[PDB]
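Participant: Below: one structure in structure tokens.
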Amino acid sequence: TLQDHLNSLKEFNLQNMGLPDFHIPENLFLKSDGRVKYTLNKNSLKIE
Amino acid sequence: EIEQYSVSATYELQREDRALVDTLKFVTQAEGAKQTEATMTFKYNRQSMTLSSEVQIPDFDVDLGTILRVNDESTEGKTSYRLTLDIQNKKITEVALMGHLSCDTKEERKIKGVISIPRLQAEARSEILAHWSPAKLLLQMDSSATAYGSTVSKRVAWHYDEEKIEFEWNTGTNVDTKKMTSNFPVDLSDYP
Amino acid sequence: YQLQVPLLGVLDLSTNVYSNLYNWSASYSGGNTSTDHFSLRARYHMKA
């Protein structure tokens, strides 16, 4: 695609600021999935 | 074409059906065939506790209108309100702010904040709920916003139970390259 | 003397991170499965 960008640049006649060609992934995902769970059931141990 | 110049700050108690508006008008104008009315009027609805500010200067295309709406939904058993703010250039809301409060003193407690911008695709959401109960209090967090191909979401939920105690938190911040490119113009009117 | 001891519940934890070119998951569980029967199974697993 930079080849076509250069071909456009040959006449020094661009249409956009910069090069809209994107090397990076189309989707950029950053996520955090954390959880804390504890079973404090009321049951108990009887001791003598 | 003009007989005189007068600047006046005239107060008027205007009627809006049920409501009464303490209207104060500040106008600077020429008097005669030529009118130079540059008016800065400000109106308050003391029956709907609503404030409105108005300015007109056609020479510079000024027809700005700002409204601050407060609507009372509060009662002894429920403290509730609804806030609206209309940012209207040329009387067109290009920025709007809304809030909804619905707090049931018994169990429910709702808070909701919204930001919306139509022309810039900028939207922010801040919503909170707290369902009280003597046995336990249930908490919910909602805060999200979207603008120029960027999605922001924050979801944190906690709950207590005698059997177990449960807590979670999910963080979401995703961006799509093509979607952001389309949403954010990479082209200018006269640049090509 | 008679004493009642609340159980040491089962602890569940996991944080899973997902980013472009690198998805990572963590999962550990702790806490006695049965306080009054003395059963422990605490286990972890880290994966990148």
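Chain identifiers are assigned as A, B, and so on, following the order in which chains appear in the structure tokens; residues are numbered from 1 within each chain, and ligands are numbered from 1 in order of appearance.
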Could you pull out all residues of region 6-182 of chain B with a DSSP call of strand (DSSP E) and give them as a VMD selection string?
Facilitator: chain B and resid 6 to 16 19 to 32 38 to 45 50 to 56 65 to 72 78 to 89 92 to 104 109 to 117 122 to 131 138 to 147 150 to 160 165 to 176
Participant: What are the residues of chain C lining chain B at 12 Å or less? Count only C-alpha atoms, and put the answer as number ranges by chain.
Facilitator: C: 6-20
Participant: Tell me, as number ranges by chain, which residues lie within 10 Å of residue 68 (chain B), counting only C-alpha atoms; anything in the same chain fewer than 5 positions away does not count.
Facilitator: B: 44, 49-53, 83-87, 97
Participant: With a cut-off of 9 Å and counting only C-alpha atoms, select all residues of chain B in contact with chain A and give the selection as a PyMOL selection string.
Facilitator: chain B and resi 161-179+181+186-188+191-192
Participant: Residue 182 (chain B): which residues within 12 Å, counting only C-alpha atoms, same-chain residues fewer than 6 positions away excluded, as an MDAnalysis selection string?
Facilitator: (chainID A and resid 20) or (chainID B and resid 121 147:150 176)
Participant: What residues in chain B get the DSSP label alpha helix (DSSP H)? Please answer as number ranges by chain.
Facilitator: B: 177-183
Participant: Please save N, CA, C and O atoms of the selected residues as an mmCIF file, in the first residue's frame.
Facilitator:
```
data_model
loop_
_atom_site.group_PDB
_atom_site.id
_atom_site.type_symbol
_atom_site.label_atom_id
_atom_site.label_comp_id
_atom_site.auth_asym_id
_atom_site.auth_seq_id
_atom_site.Cartn_x
_atom_site.Cartn_y
_atom_site.Cartn_z
ATOM 1 N N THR B 177 -8.930 -0.190 15.064
ATOM 2 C CA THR B 177 -8.186 0.738 14.219
ATOM 3 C C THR B 177 -9.075 1.334 13.134
ATOM 4 O O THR B 177 -9.151 2.558 12.980
ATOM 5 N N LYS B 178 -9.759 0.481 12.368
ATOM 6 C CA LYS B 178 -10.597 0.979 11.283
ATOM 7 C C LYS B 178 -11.756 1.811 11.817
ATOM 8 O O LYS B 178 -12.107 2.846 11.238
ATOM 9 N N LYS B 179 -12.374 1.363 12.911
ATOM 10 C CA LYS B 179 -13.502 2.100 13.467
ATOM 11 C C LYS B 179 -13.067 3.471 13.966
ATOM 12 O O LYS B 179 -13.758 4.469 13.736
ATOM 13 N N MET B 180 -11.920 3.542 14.645
ATOM 14 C CA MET B 180 -11.404 4.835 15.079
ATOM 15 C C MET B 180 -11.070 5.717 13.884
ATOM 16 O O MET B 180 -11.344 6.923 13.896
ATOM 17 N N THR B 181 -10.475 5.134 12.843
ATOM 18 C CA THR B 181 -10.151 5.910 11.651
ATOM 19 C C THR B 181 -11.405 6.510 11.033
ATOM 20 O O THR B 181 -11.426 7.689 10.664
ATOM 21 N N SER B 182 -12.464 5.708 10.911
ATOM 22 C CA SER B 182 -13.710 6.216 10.350
ATOM 23 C C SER B 182 -14.325 7.283 11.247
ATOM 24 O O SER B 182 -14.779 8.326 10.763
ATOM 25 N N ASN B 183 -14.342 7.041 12.561
ATOM 26 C CA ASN B 183 -14.949 7.998 13.480
ATOM 27 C C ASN B 183 -14.169 9.303 13.537
ATOM 28 O O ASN B 183 -14.772 10.381 13.587
#
```
